[PDB]
């Protein structure tokens, strides 16, 4: 029952470690893709030799070691964990690190499966030496969030879970205020990191490019939640998108860019280790997972 694990890669002179928090087992395929066709969805799963009665979403986290810094990109379910999640720290330890080694956390967005790990059940910081970065748009959205904000979300069907989650997120944002930093979209951070917004999934979802010399890796976080469904059908959307239309536009924008530039991406929820390339297959895309020897 040990779902912890890691994979070391190199990006130029940088050492990167892919970590897992575990996974999400989603059995509601009707709601998975709000603008999709569930019959067609299930057929796509079967055609790729996947189970057709659930989708498993990974929780892949990126650890970047630079000469001066140790950066964690997202933190998993943490205080929201169930039996299948909350394995980040075990994975970090397997990779050879501990929580106090982390100098900076970059939050792609404030959803529970990304921000849950920044605090423990005593509401103390899990990574006591770490600055925690978030986009100001993302931070301010959740501070001010209310039901009307989800008018173009499938989530509006579910007020029960919104009234549970939103206060919890606000409380986490309150707790991390002493370490809280906001991304600067105009500057390179720590020589290797550049940030841009990809709104829709949440209003301030942030996509991070890691660069070393001419080598680049783009962490697209929750831009897309299924390799075999939402690449060919980006307009089918995802249950957790705050605004389905805006999320679809961001999804098409960055997938198109990855394809056009033949650039490698790292993803939060695609199958392990979440690394791969994107091709245009009009009017959609295809994910080509990276191949490894171990």
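Numbering follows the first chain given and starts at 1.
Stretches compared: 188 to 196, 155 to 163. Higher mean C-alpha B-factor in the entry: 155 to 163.
Mean C-alpha B-factor is higher over 27 to 35 than over the other stretch, the pair under comparison being 27 to 35 and 261 to 269. Which of 205, 92, 143, 119 has the largest Cα B-factor in the deposited entry comes down to 143. Per the deposited coordinates, the residue with the largest Cα temperature factor out of 250, 242, 43, 60 is 43. When all modelled residues of the chain are sorted by CA temperature factor, residue 256 is found within the middle third. Among the modelled residues of the chain, residue 175 sits in the highest third by CA temperature factor in this PDB entry. In the PDB entry, residue 228 places in the middle third of its chain by CA B-factor.
Per the deposited record, the Cα B-factor of residue 51 falls in the highest third when ranked against the other modelled residues of its chain. Annotation for residue 16: C-alpha temperature factor in the lowest third relative to the rest of the modelled chain, per the entry.
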